[PDB]
Colleague: 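One structure, pasted below without further comment.
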Amino acid sequence: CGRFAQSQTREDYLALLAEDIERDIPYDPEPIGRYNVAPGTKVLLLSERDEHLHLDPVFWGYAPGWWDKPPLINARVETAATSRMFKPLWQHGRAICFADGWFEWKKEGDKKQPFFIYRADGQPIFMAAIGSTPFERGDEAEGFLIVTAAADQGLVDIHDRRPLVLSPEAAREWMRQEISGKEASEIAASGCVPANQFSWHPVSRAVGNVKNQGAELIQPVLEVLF
DNA sequence: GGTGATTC
Ligand SMILES: [Mg+2]
Ligand SMILES: [Mg+2]
């Protein structure tokens with residue numbers, strides 16, 4: 001849950017979530033074009049404020065002033081709502097990070113094989129996030145985290161954890177300011193997209209290096225190498 | 001107050 005792709009246009013991601021009137025997001029036809037989105041960068045993050053959807057560039061990582069460790073990039077759904085650290089973000093900082101799919105590295109012996117995981121039906125994924133509001137302030141240390149869950153069914157074949165991916169319906173409800181922390185927990189449990197909705201393939205090991213940013217990084221290898 | 005890779 002530490003790398004993903006966000007390569008399509010804003011409209012490609014927003015079309016499934018709301019009518020245009022519900023957005024305060026300027027039209028932009030340019031694909032976001034990111035094939036290797038890394039922790040510690042600014043990522044376009046979707047949230048609701050002032051009764052409209054907003055898209056803000058937000059640091060992927062969370063390190064409050066009292067936190068003297070490396071910024072956290074994930075929050076476990078099992079405990080985040082009651083965590084002394086994450087509870088205020090669960091209540092007031094919910095957001096969505098949309099993506100084409102995400103990468104996981106399957107460990108085999110002492111080496112890894114990266115996989116690109118995506119919805120078989122072609123839809124983008126809406127990953128549940130929590131973060132430090134107000135998002136538009138461009139904070140350098142207190143940004144957002146991707147909520148994770150235990151891997152289910154086939155995804156356990158790759159890694160023990162997975163991002164909490166919500167249906168488009170659940171993703172919209174997740175962002176609403178009217179929805180409480182407890183109601184957010186209900187959405188997280190009932191809205192998680194099951195692993196059987198995803199397919200995956202091995203991709204080039206070049207994706208491991210965050211300096212690599214070509215479109216080939218999400219494509220299937222021509223020959224699986226061991 | 002917690003959870004990815006790098007000829008690191
Ligand atoms: Mg060994
Ligand atoms: Mg600050």
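Every chain is numbered from 1 and lettered A, B, ... according to where its sequence line falls, protein lines coming before strand lines.
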Colleague: Distance check needed: B:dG1 P versus A:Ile130 CD1, whole Å only.
Modeller: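 Atom-to-atom, A:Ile130 to B:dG1, this comes out as 17 Å.
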Colleague: In plain terms, say whether A:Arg94 and A:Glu173 are close enough for a salt bridge, that is, a side-chain N and a carboxylate O under 4.0 Å apart.
Modeller: no
Colleague: If you pin A:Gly2 and A:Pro88 to their nearest nucleotides in DNA chain B, which one's is more 5'?
Modeller: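 Per heavy-atom nearest nucleotide, the more 5' residue is A:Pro88.
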Colleague: Please give the distance between the P atoms of B:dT3 and B:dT7 as a whole number of Å.
Modeller: 28 Å
Colleague: I need the CZ-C1' distance between A:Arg3 and B:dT6, as an integer number of Å.
Modeller: 9 Å
Colleague: Output the rounded distance in Å from CG (A:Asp160) to P (B:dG4).
Modeller: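 After rounding, the reported distance stands at 10 Å.
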Colleague: Grab the CD-P distance between A:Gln213 and B:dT6 for me, whole Å please.
Modeller: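 Atom CD in A:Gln213 sits about 14 Å away from atom P in B:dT6.
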Colleague: For the side chain of A:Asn74, counting heavy atoms from C-beta on, which of B:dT3, B:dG4, B:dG2 is nearest?
Modeller: B:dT3
Colleague: What does A:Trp67 touch in the nucleic acid at a heavy-atom separation under 4.0 angstrom: a base, only the sugar-phosphate, or nothing?
Modeller: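 The residue A:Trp67 makes base contact.
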Colleague: For A:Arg161, answer base if it contacts any base atom (sugar-phosphate contacts may also be present), sugar-phosphate if it contacts only those atoms, and nothing otherwise; contact means non-hydrogen atoms under 4.0 Å.
Modeller: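 No contact.
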Colleague: Ring stacking, A:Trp66 with base of B:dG1, under 5.5 Å and under 30°?
Modeller: yes
Colleague: Counting the atoms with a prime plus P, OP1 and OP2 as sugar-phosphate, which does A:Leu145 contact under 4.0 Å by heavy atoms, base, sugar-phosphate, or nothing?
Modeller: nothing
Colleague: Return the value, rounded to whole Å, for the distance between atom CD1 of A:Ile218 and atom P of B:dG4.
Modeller: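 Taking atom P of B:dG4 as the reference, CD1 of A:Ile218 is at 22 Å.
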Colleague: For the pair made of CH2 in A:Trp60 and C1' in B:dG4, what is the distance, rounded to whole Å?
Modeller: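 For the pair A:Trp60 CH2 and B:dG4 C1', the rounded distance is 7 Å.
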Colleague: Please examine the side chains of A:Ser132 and A:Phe144, heavy atoms only from C-beta on, and report whether any two atoms are closer than 4.5 Å.
Modeller: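 A side-chain contact under 4.5 Å is absent here.
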Colleague: For the P atoms, the ones on B:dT6 and on B:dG2, what distance do you get once it is rounded to whole angstrom?
Modeller: 29 Å
Colleague: Quick one: A:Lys111 NZ to B:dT6 P, roughly how many Å, whole number?
Modeller: 12 Å
Colleague: Considering only residues two or more places apart or on different chains, which pairs with a residue in residues 76-89 of chain A satisfy side chain to side chain donor-acceptor pair (under 3.5 Å)?
Modeller: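 Sorted pair list: A:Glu78-A:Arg161.
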Colleague: Hey, does the side chain of A:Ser83 come within less than 4.0 Å of B:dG2's phosphate (OP1/OP2), counting only N and O?
Modeller: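 Yes, within the criterion.
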Colleague: May I ask you to verify if any side-chain N or O of A:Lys112 is less than 4.0 angstrom from the OP1 or OP2 atom of B:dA5?
Modeller: yes
Colleague: In terms of ring plane angle, is the pair A:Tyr62 and A:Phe86 parallel, tilted or perpendicular, where the classes change at 30° and 60°?
Modeller: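 It falls in the tilted class, 30° to 60°.
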Colleague: Heavy atoms only, 4.0 Å cut-off, all strands: where does A:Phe86 land among base, sugar-phosphate and nothing?
Modeller: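 Here A:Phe86 touches the backbone only, sparing every base.
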Colleague: Of the listed nucleotides (B:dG4, B:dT7, B:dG2), which one gets closest to any side-chain atom of A:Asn209?
Modeller: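 Among B:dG4, B:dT7, B:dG2, the one nearest the side chain of A:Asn209 is B:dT7.
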Colleague: Using the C1' atoms only, state how far B:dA5 lies from B:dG1, rounded to an integer number of Å.
Modeller: 27 Å
Colleague: I'd like to check A:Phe4 versus A:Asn36 (side-chain heavy atoms, cut-off strictly below 4.5 Å). Are they in contact?
Modeller: no
Colleague: Record whether the side chain of A:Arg84 comes under 3.5 Å of the base of B:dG1 through a donor-acceptor pair of N or O atoms.
Modeller: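 Not at all, since no donor on one side and acceptor on the other fall under 3.5 Å apart.
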Colleague: Taking it one step at a time, do A:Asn212 and A:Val207 satisfy side-chain contact (heavy atoms from CB on, under 4.5 Å)?
Modeller: CA-CA 6 Å; A:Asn212 289 328; A:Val207 69; over 6 Å; no
Colleague: So if I take every side-chain heavy atom of A:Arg76 and compare against B:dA5, B:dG2, B:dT3, which nucleotide ends up nearest?
Modeller: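 Closest nucleotide among those given: B:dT3.
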Colleague: Would you please confirm or rule out a distance under 4.0 Å between OP1 or OP2 of B:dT6 and any side-chain N or O of A:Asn212?
Modeller: no
Colleague: By nearest atom, which of the nucleotides B:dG4, B:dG1, B:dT3 is closest to the A:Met85 side chain?
Modeller: B:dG1
Colleague: Take the protein atom CD of A:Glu104 and the nucleotide atom P of B:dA5, then report the distance between them rounded to whole Å.
Modeller: 11 Å
